[PDB]
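One chain is shown next in structure tokens, namely the form deposited without the DNA.
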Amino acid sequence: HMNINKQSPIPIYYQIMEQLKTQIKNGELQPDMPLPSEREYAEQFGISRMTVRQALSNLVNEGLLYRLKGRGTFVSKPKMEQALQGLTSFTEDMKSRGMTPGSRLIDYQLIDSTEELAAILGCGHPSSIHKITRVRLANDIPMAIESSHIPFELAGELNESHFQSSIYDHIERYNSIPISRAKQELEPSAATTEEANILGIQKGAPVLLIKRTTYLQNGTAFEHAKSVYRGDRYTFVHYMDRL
């Protein structure tokens, strides 16, 4: 049950919205069962129903809750289906979903090649390697953290405008060769404290750890990326044939 502090400067409706949000983040409210009623909340904390109703309606207007007639109010659990077999960019993914892709830069460095990285990319050593770490956003909501390693010569000099747009698009134009094939490795994990803060989920929340090596049509590897995708807003789908 929530913790409501009436002597706090923070308005009670706001407390409710945040506690509820926090409760949805740590799973204490699942999407199969309805929330306590307006009346139950009010009586529980000795507060007005209109205060409860203000918090709940705001959460409905955010799309965090929904009202099913005669059944109650429920936690919304929108999932995107990520097709694993089609090589696409984040930008392409969002557009196809009628959503607006965004990025926030966590870190950029141009780093020295290592024998490990050069063997993965089949690039030169010593060489310079873009290391691009971004939060990827969908309608301003963080969906993933990606850290992409790209040999300098396959991208040339990069600036903030590149980071704010599509790296795959730049890659195809800069190289005049299409992006063709990738290998991905998937591991379930728990969000670190840092990953959780950036993603707006709980410490330890479920995430998919993804390692991708991406290739141009001519067989050249241009990317080795490691990423963390939110478990709570993604389902990953693929198909299998016999033989």
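The first residue of the shown sequence is 1; numbering continues from there.
Residue stretch of maximal mean CA temperature factor, 27 to 35 vs 184 to 192: Going by the record's values, the stretch with the higher mean is 27 to 35.
Taking the recorded C-alpha temperature factors, which stretch has the higher mean, 132 to 140 or 70 to 78? Stretch with the higher mean C-alpha B-factor: 70 to 78.
C-alpha B-factor winner, where the candidates are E172, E115, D107, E146: Highest C-alpha B-factor among the listed options: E115.
Maximum C-alpha temperature factor, selected from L216, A55, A205, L65: Highest C-alpha B-factor among the listed options: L65.
For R230, does the deposited CA B-factor place it in the lowest, middle or highest third of the chain? Tercile = middle for this residue's CA B-factor.
Lowest, middle or highest third - CA B-factor, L209: Lowest third, going by the recorded CA B-factors of the chain.
Determine, from the deposited record, the chain-internal third of the Cα B-factor for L158: lowest, middle or highest. For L158, the deposited C-alpha B-factor lands in the middle third.
Chain thirds of CA B-factor: placement of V60: Highest third of the chain for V60's C-alpha B-factor.
Lowest, middle or highest third: where is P101 by C-alpha B factor in its chain? Ranked within chain, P101 CA B lands in the highest tercile.
The protein also exists as the form deposited with the DNA bound; that form is not presented, and the subsequent description refers to it.
Does the trio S37, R49 and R71 actually contact the DNA in the deposited bound form, every residue with a heavy atom within 4.5 Å? The answer is yes; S37, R49 and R71 each reach the DNA.
Which of these stretches, 50 to 58, 211 to 219, 23 to 31, 188 to 196, has heavy atoms within 4.5 Å of the DNA in the deposited bound form? Heavy atoms within 4.5 Å of the DNA in the deposited bound form occur in 50 to 58.
Any of the heavy atoms of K6 lying within 4.5 Å of the DNA in the deposited bound form? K6: contacts the DNA in the deposited bound form.
Answer for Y229 alone: is it within 4.5 Å of the DNA in the deposited bound form, judged on heavy atom distances? Close contact is absent here: in the deposited bound form, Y229 is far from the DNA, nothing within 4.5 Å, heavy atoms only.
With the partner left out here, check for me: in the deposited bound form, does some heavy atom of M17 sit within 4.5 Å of the DNA? Judged by the heavy-atom cut-off of 4.5 Å, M17 is well away from the DNA in the deposited bound form.
Contact of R67 with the DNA in the deposited bound form (heavy atom, 4.5 Å): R67 belongs to the contact set for the DNA.
If we check the DNA in the deposited bound form, which of the residues in 8 to 35 reach within 4.5 angstroms of it by a non-hydrogen atom? Contacting residues: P11, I12, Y13.
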